[PDB]
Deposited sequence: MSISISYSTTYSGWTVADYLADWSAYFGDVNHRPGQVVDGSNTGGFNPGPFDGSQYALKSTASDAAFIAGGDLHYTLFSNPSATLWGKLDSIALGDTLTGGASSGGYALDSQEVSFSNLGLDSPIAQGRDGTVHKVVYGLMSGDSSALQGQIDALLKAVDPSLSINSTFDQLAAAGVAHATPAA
């Protein structure tokens, strides 16, 4: 079942409000045709170069960053091209990316783990893993939100992305860490 870690700063926040805030502050890195710049808005894999247990990306607007964890593969130019696929077990959100091939966030705000998301290569860019991560890269947490909402309801059908982190802690899903 999904497990969430949150800084006590966010106890009274809803998951949706947190995600919409973080995504707006991270912004859109403009990873799209004609706009990809190696070393600026590609992010990186650990161990990489195009596969690993982590994919991490820093904002180009702010100090926000995220780390996706699991078993992740990027097809680059191979068919189906520009597809991230594999198993997505976790998403960590916060600021100030450190490390590398592991990555960590200096300020880890919220992490969602045991996501259990998996997308085979055959689904291409329509895979859930691709859509969740590419959404974050593009300033849009909607895909992530939809997956979190379904996972929460699978544990306890009255929970949702409009639950506060404290409500999720009372339901046994979330765990606070010191600010």
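In this chain, the deposited residues that lack C-alpha positions fall in the ranges 1, 103-105, 184.
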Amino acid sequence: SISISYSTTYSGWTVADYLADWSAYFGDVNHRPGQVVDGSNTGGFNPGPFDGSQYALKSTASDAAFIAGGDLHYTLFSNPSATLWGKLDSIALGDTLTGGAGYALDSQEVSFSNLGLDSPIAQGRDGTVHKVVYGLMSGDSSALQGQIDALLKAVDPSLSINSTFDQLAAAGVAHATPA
From here on, numbers count along this sequence of modelled residues.
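For the pair 64-72 and 147-155, the mean B factor over Cα atoms is greater in 147-155. Comparing the deposited coordinates for 112-120 and 130-138, the stretch with the larger average C-alpha B-factor is 112-120.
Looking only at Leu88, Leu84, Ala101, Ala92, the residue with the top Cα B factor in the deposited structure is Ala101.
In this PDB entry, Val36 carries a Cα temperature factor that places it within the highest third of its chain's modelled residues. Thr9: CA B factor lies in the highest third for its chain, per the PDB record.
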